[PDB]
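S.K.: After the C-alpha cells below, expect a handful of questions from me.
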Amino acid sequence: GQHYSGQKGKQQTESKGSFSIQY
C-alpha cells in the first residue's frame, strides 16, 4: 500500500496531510 502516505495522524490524505511524511 502507501508508505505511510497520509497515515501520519491523517487518514490517507497522502500529500494533503502536510504532516504526512511519505517514505
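Every chain in the C-alpha cells takes a letter, A first, then B, and so on in the order presented; its residues are numbered from 1, and the ligands are numbered from 1 following the presented order.
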I'd like the neighbourhood of residue 15 of chain A as JSON, numbers by chain, where a residue qualifies if any of its atoms comes within 8 Å (using only C-alpha atoms), though same-chain residues fewer than 3 positions away should be ignored.
M.R.: {"A": [5, 6, 18, 20, 22]}
S.K.: Could those selected residues go to a file with C-alpha atoms, as a compact mmCIF listing (two decimals), in the first residue's frame?
M.R.:
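Resulting contents of part.txt:
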# COMPACT_ATOMS: atom_id res chain seq x y z
CA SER A 5 1.36 8.35 2.81
CA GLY A 6 -1.19 10.29 4.81
CA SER A 18 1.19 18.04 5.23
CA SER A 20 2.22 13.08 6.16
CA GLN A 22 6.00 9.72 2.76
S.K.: Within 8 Å of residue 8 of chain A, counting only C-alpha atoms, which residues qualify if same-chain residues fewer than 5 places away don't, as a list in words?
M.R.: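 Within the cut-off, the hits are residues 17, 19, 20 and 21 of chain A.
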S.K.: Hey, can you spit out that residue selection with C-alpha atoms as a PDB file, in the first residue's frame?
M.R.:
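File again.pdb, as written:
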ATOM      1  CA  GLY A  17      -1.744  15.608   5.108  1.00  0.00           C
ATOM      2  CA  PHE A  19       2.481  16.197   8.251  1.00  0.00           C
ATOM      3  CA  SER A  20       2.222  13.077   6.158  1.00  0.00           C
ATOM      4  CA  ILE A  21       5.823  12.062   5.698  1.00  0.00           C
TER       5      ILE A  21
END
